[PDB]
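Results of the structural survey
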Amino acid sequence: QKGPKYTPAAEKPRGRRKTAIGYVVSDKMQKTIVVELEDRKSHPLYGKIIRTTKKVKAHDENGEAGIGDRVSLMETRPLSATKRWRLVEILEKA
Amino acid sequence: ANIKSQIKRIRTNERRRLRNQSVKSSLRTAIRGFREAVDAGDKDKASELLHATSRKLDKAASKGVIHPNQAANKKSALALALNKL
Amino acid sequence: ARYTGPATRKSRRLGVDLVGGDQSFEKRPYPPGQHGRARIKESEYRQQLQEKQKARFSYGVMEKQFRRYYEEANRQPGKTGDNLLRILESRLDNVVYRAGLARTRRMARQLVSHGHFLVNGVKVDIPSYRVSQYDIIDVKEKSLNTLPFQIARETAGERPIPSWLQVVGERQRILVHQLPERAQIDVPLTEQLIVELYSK
Amino acid sequence: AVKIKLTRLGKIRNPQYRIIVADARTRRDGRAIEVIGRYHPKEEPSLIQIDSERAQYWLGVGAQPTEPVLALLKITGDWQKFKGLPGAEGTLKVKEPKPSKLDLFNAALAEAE
RNA sequence: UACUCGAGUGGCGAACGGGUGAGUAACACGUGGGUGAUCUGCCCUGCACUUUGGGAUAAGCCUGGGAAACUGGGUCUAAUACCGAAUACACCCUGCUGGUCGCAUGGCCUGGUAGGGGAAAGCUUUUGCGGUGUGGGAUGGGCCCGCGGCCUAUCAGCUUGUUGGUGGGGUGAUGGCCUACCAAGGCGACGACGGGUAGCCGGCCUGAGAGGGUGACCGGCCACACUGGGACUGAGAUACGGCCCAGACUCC
Ligand SMILES: [Mg+2]
Ligand SMILES: [Mg+2]
Ligand SMILES: [Mg+2]
Ligand SMILES: [Mg+2]
Ligand SMILES: [Mg+2]
Ligand SMILES: [Mg+2]
Ligand SMILES: [Mg+2]
Ligand SMILES: [Mg+2]
Ligand SMILES: [Mg+2]
Ligand SMILES: [Mg+2]
Ligand SMILES: [Mg+2]
Ligand SMILES: [Mg+2]
Ligand SMILES: [Mg+2]
Ligand SMILES: [Mg+2]
Ligand SMILES: [Mg+2]
Ligand SMILES: [Mg+2]
Ligand SMILES: [Mg+2]
Ligand SMILES: [Mg+2]
Ligand SMILES: [Mg+2]
Ligand SMILES: [Mg+2]
Ligand SMILES: [Mg+2]
Ligand SMILES: [Mg+2]
Ligand SMILES: [Mg+2]
Ligand SMILES: [Mg+2]
Ligand SMILES: [Mg+2]
Ligand SMILES: [Mg+2]
Ligand SMILES: [Mg+2]
Ligand SMILES: [Mg+2]
Ligand SMILES: [Mg+2]
Ligand SMILES: [Mg+2]
Ligand SMILES: [Mg+2]
Ligand SMILES: [Mg+2]
Ligand SMILES: [Mg+2]
Ligand SMILES: [Mg+2]
Ligand SMILES: [Mg+2]
Ligand SMILES: [Mg+2]
Ligand SMILES: [Mg+2]
Ligand SMILES: [Mg+2]
Ligand SMILES: [Mg+2]
Ligand SMILES: [Mg+2]
Ligand SMILES: [Mg+2]
Ligand SMILES: [Mg+2]
C-alpha cells in the first residue's frame, strides 16, 4: 500500500471584498487621489435620516482622474499608512 | 535564582548563549563581508564569497540559528544585488 | 415557627368564626378588648387587610410561604385567584383535613410534620408538602393503631369530602384526580380582593 | 494536542461530568469546541451516553483521549469499534425502567376494591 | 551488580498554571471579511533516506582567597555535546521561454528550460523510541479593514518623517518601518489638536416597552509584576519565582 506523493488540499473559494463608488475632489498629489463616500443611517434614538460623508485614500498608477469626476473603487492590501483603497475604473468625467 | 532547576537552567542558558553569540557573529561576518565586497564591486571574488555566504546561511537555517525563510529571503536579496550590480 | 397563642382571639378580632365550633365567638360577637364596641372608620385598606388576615391565619400558613404562593399563582397561565386557591388547597394538611382524617388544622399540621403517613411508599415529613394532581397518600400501621387516628377514622362525620378528594377504604387512602374549580371549592371569603391588595 | 476532558459540573454530593473535546491548554470548565457525552456516577446504573459518530471522527482526526475517557470508550464500544479487533459490542447497562404510575394506580385501586 | 542513586555533563518541561486593574478615548473589544502578503516543536498521515573523520571539557584529583556565597591556578575524562567532508534535484535563488485569472502589482498551472547551492544519532532488546528535506489535516498563532459603543470651546487651527512618490536596508510577512533624493502638503465646524473620567464584552439590577445604573461569581479578550530603560535565548517573551543597567527600601 503505497500512497501518492502529492495530496491536494481543499480549494477554498476566494472571498468577496468591499466595493464602492464615489467622487474625486482633488488630485494634486502623484498617483494618489481623494474620493468621498456617502452613507445614510437612521439615528438609533430619534430615527432621523442623517447623511454622512467619508474621506478615503485610493491607489492609482497613472493619475487619469480629473477633478469633479465619478469613479468606481475597490479594496486592496496595504501600501501606505491610512492609504488602503484602490482604483478599478473611471465612470464619469466632466 | 532560588532553586536548583532554575539555577541550572541559568547556567545552561549563559553557556549556550555564548555559543549562540559566536555563531551569530559568524553569520554577521559573512553578511558584512558580502557588504564590502559589493561596495568594492568585485565579480568573481563576490561569486565565491556569496557561495560561501549561501552555504553558511543554509547551514545556520539547518541547525536552527536562523529562520529558513529568513535565509531564503537573504539569499534572494544577495541575488538581486549581484544581478542589479 | 408555628403559632402558640389563642385561636379564638383571631376570630373575635376579625369578626367571623374560623373553626366553626367556637362558642365564645357567638357568645360575644363584638370585637374583644376594652373598646371593641367603638365604631371603626370603613376603608378599602381595612377591608383588604381583614380578608388577607382571615385567609392566612385560618390556613395557618406563614407569610413568605403565602407570598411566593401568590407569586407562583400570578406567574401561572391560569387566573391568579384560581391558581392561588388551588395551590393553597394542595397543601397536605388541608388535603387530609378535607378528607376528614383530621379535626383541626393545627393537629393535622403536627401529624404531617411528625410524619405518620407514607407518600408513595416513602416516609415524608413536611407540613407544607406539595401535593400534585394524580398522587397517592398512604398510612402507616403506627398511625392506624394510634388512638386519635382511630377516633378520627371511626368518627369522620364532618363536612362531605370534596370532589377532588375521596377515600377508598378503611386504610384512609386519599387520591386527587383533576384540578379543582373555584365554584366547586366554594371556599369562604373572596380572592379578588386579596389579589388586588397584593398587586397594590 | 487535543484531548478529551471531563468537566466538573453539577453538585458536590453527586458530581455531574460532561465529555468534551478541547485543547490541552484550555481550562477544566472553560473553552470547549464540542460537547459529545456525559457521565453520571451517582446513579448506580452509571448512565453512559456518547455520540458515536463524533467520537469516531475525533479519534480518526487524531485525538488522544486520557485513561478515563478511554475506559468510557471501551464501556460504550467506541474504542474497540475503531480498533476493529474484537468488533462492536455494547457493555453499557440501561437504567431499570420505572414502573408506570398509571399501572401502579390501577393495581392499588384493584387491591382497594 | 545496575536493582538504586548524591553531585556533574546531556535532552524535555520551565511563555504552562495563578493574581490584579495604576497606565489606555486606542483596532484595544464585539461584530463580518481579507491575507495573490503569513509562520507554526510536540500529533496524524504519505514520499527519499539516515556515509565518514577529528579536537575540546565538565566530572574526578592537586591548590589559593575566605566565616560566608562564590571565585583564581595545575592535572584529567565520556556521551544523542561541538566541528570538516558523502549525496539530496519533492527545496531556495538568478538568466531565457507558454496557458488562466482578474484583486492591481502580479498569482496559479508542483507550467517549461540554463546555471548555482542546500543536512543526519543512535539506545533498547520491549506494547519501542529517535535523526534530515518536502505534500495535506487540526489546533496554535501574526497584519489589516466597514459598523458600534463617556463628558468637555470658560480647548480654533495642528504637523516637518508631517504628507505623496522614487534607490537601498530590514523583518516571516505588505508596509515613512529606517535611511538618501524629489513635490508641499494631509487632517480641520459632518468637531482636529487640547482638558477631566474610566479596562472591554456574554451578563446582573430596575423597568410591560423604549429607557436608566452597574461589570459581584462564572465565561472570552486587553495590559502589569518596586519604579524607569536595554538585550540574548528559543517555534514561540510585558520573559511575575530568566538576564544587563539606573534610582528608594531592607538584611547579614
Ligand atoms: Mg513604501
Ligand atoms: Mg561588535
Ligand atoms: Mg556541515
Ligand atoms: Mg454513576
Ligand atoms: Mg543524581
Ligand atoms: Mg525525552
Ligand atoms: Mg503567561
Ligand atoms: Mg515553551
Ligand atoms: Mg489570567
Ligand atoms: Mg482588588
Ligand atoms: Mg485605574
Ligand atoms: Mg508604570
Ligand atoms: Mg485624550
Ligand atoms: Mg478586532
Ligand atoms: Mg478584542
Ligand atoms: Mg568545570
Ligand atoms: Mg570521547
Ligand atoms: Mg548534535
Ligand atoms: Mg512543478
Ligand atoms: Mg543550486
Ligand atoms: Mg551539497
Ligand atoms: Mg552527523
Ligand atoms: Mg505533511
Ligand atoms: Mg502544513
Ligand atoms: Mg484567525
Ligand atoms: Mg476592520
Ligand atoms: Mg465602535
Ligand atoms: Mg509620520
Ligand atoms: Mg527627510
Ligand atoms: Mg524588509
Ligand atoms: Mg521613507
Ligand atoms: Mg423583569
Ligand atoms: Mg435596556
Ligand atoms: Mg459603563
Ligand atoms: Mg471588573
Ligand atoms: Mg471573567
Ligand atoms: Mg515591569
Ligand atoms: Mg509593592
Ligand atoms: Mg512601575
Ligand atoms: Mg528566535
Ligand atoms: Mg515553543
Ligand atoms: Mg518563566
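cryo-EM is the method the PDB entry lists for this structure, together with a resolution of 3.26 Å.

Helix and strand counts for chain D come out as four helices and four strands. N-terminal to C-terminal, the α/β element order of chain D is β-β-β-β-α-α-α-α. In terms of overall size, chain D is more extended than a compact globule, its C-alpha atoms giving a radius of gyration of 19 Å where 113 residues would be expected to give roughly 13 Å. Dimensions along the principal axes, computed over C-alpha positions, put chain D at roughly 65 × 35 × 20 Å. Residues classed as buried in chain D amount to 23% of the 113 residues present. The long-range share in chain D, meaning contacts at least 24 apart out of those at least 6 apart in sequence, stands at 26%. Here chain D displays about 8,100 Å² of accessible surface, and carbon together with sulfur accounts for 55% of that area. Within chain D, the 14 negative side-chain charges are centred at a point lying 11 Å from the centre of the 20 positive side-chain charges.

Residue and element names in this part refer to chain A. Pairing is antiparallel in the open sheet, where five strands are placed in the order β3-β2-β1-β4-β5. Both edges of this open sheet fall to β3 (49–59) and β5 (83–92), since each of them pairs with a single strand only. The sheet shows a mean angle of 45 degrees between the axes of neighbouring strands, direction not considered. Summarising the sheet, strand β1 (residues 19–26) and strand β2 (residues 32–42) pair through three bridges and their orientation is antiparallel. Following the sheet pairing, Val 24 is matched in β2 by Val 35.

It is worth spelling out the protein's contact with RNA strand E at this point. Lining the immediate environment of RNA strand E, one finds 65 residues, of which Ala 1, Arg 9, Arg 16, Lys 24 and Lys 74 of chain B sit closest. Across the atoms of RNA strand E situated within 4 Å of the protein, the share located in sugar and phosphate is 76%. Interatomic distance of 2.4 Å between a side-chain N/O atom of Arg 77 of chain A and a phosphate oxygen of RNA strand E. In the model, a sugar or linking oxygen of RNA strand E is placed 2.6 Å from a nitrogen or oxygen of the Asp 23 of chain D side chain. Broken down by secondary-structure element, the contributors of at least two residues to the surface near RNA strand E are β3, β4 (69–80) and β5 of chain A together with α1 (4–40), α2 (44–63) and α3 (68–84) of chain B. Among the residues making up the surface near RNA strand E, the classes are represented as 13 nonpolar, 20 polar and 32 charged.

In this section: the packing of helix α4 (residues 63–75) of chain C against helix α5 (residues 80–89) of chain C. All names here are of chain C. At a minimum axis distance of 8 Å, the contact between α4 and α5 shows a crossing angle of 130 degrees. On the basis of the axis angle, α4 is oblique to α5. Two packed elements cross with a definite hand, and for α4 against α5 that hand is right-handed. Across the interface between the two elements, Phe 66, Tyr 69, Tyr 70, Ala 73 and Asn 74 from α4 touch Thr 80, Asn 83, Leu 84, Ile 87 and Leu 88 from α5.

Let us now look at the pairing of strand β1 (residues 2–10) of chain D. Remember that side chains alternate between the two faces of the sheet whenever the strand is regular. Residues and elements named next belong to chain D. Where β1 lies against strand β2 (residues 15–23), nine bridges are found, and the strand directions are antiparallel. Opposite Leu 6, over in β2, you have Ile 19 as the bridge partner. Remark: four residues form the turn of the hairpin made by β1 and β2, two consecutive strands paired antiparallel.

A few words now on the interface of chain D and chain C. In this complex, chain D contributes six residues to the contact, which on the side of chain C involves six residues. Between chain D and chain C lies a buried interface of about 590 Å² when both sides are counted; carbon and sulfur atoms form 70% of it. Together, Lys 101, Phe 105 and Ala 112 of chain D form the three largest contributors to the area buried by chain D at its contact with chain C, with a combined 74%. Put simply, chain D and chain C have zero salt bridges between them. Viewed at the interface, chain C and chain D are joined by one residue pair in polar contact. Its residues placed into classes, the side of chain D that touches chain C shows five nonpolar, no polar and one charged.

Let us look at the arrangement of the chains. No interface is formed between chain A and chain C, the nearest pair of C-alpha atoms being 33 Å apart. For chain A and chain D, which are not in contact, the least C-alpha distance works out to 16 Å.

Right, let's talk about the nonpolar core for a bit. Grouped together as the largest cluster of nonpolar side chains are 33 residues, with contacts concentrated most on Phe 66, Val 96, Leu 101, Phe 117, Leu 165, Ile 174 and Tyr 198 of chain C. Those elements that place two or more of their residues in this core are α3 (44–59), α4, α5, α6 (92–99), α7 (105–114), β3 (136–139) and α11 (192–199) of chain C. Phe 66 of chain C has contacts with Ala 55, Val 61, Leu 88, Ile 194 and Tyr 198 of chain C, leaving out every residue within four places of it along the chain. Residues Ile 19, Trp 58, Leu 59 and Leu 70 of chain D belong to the second largest nonpolar core, which totals 10 residues.

Criteria and thresholds
- Residues numbered from 1 in each chain as written, not as in the entry; some residues may be left out.
- Chains lettered and ligands numbered in written order.
- Part of a larger assembly, values for the part shown.
- Heavy atoms only, no water.
- Helix = DSSP H or I, 4+ residues; strand = E, 2+ residues; numbered from the N terminus.
- Rg over C-alpha atoms; globule rule 2.2 N^0.38 Å.
- Buried < 20%, exposed > 50% of the residue type's maximum accessible area, 1.4 Å probe, protein only.
- Contact = heavy atoms within 4.5 Å.
- Areas by Shrake-Rupley, 256 points an atom, 1.4 Å probe, with all protein chains shown as cover.
- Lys, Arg positive; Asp, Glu negative; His and termini not counted.
- Charge placed at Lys NZ, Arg CZ, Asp CG, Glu CD.
- Pairing = 2+ DSSP bridges.
- Axes fitted to C-alpha atoms, helices over the stretch in contact; angles between N-to-C directions.
- Near = heavy atom within 4 Å.
- Polar contact = N/O pair within 3.5 Å; in protein donor to acceptor, adjacent residues only side chain to side chain.
- Nonpolar A, V, L, I, M, F, W, Y, C, P; charged D, E, K, R; others polar.
- Parallel < 35°, antiparallel > 145°, perpendicular 65-115°, else oblique.
- Left-handed = near helix turned anticlockwise from the far one by under 90°.
- Buried area = accessible area lost by both parts, 1.4 Å probe.
- Salt bridge = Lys/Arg side-chain N within 4 Å of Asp/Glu carboxyl O.
- Core = buried A, V, L, I, M, F, W, Y, C linked by side-chain atoms within 4.5 Å.

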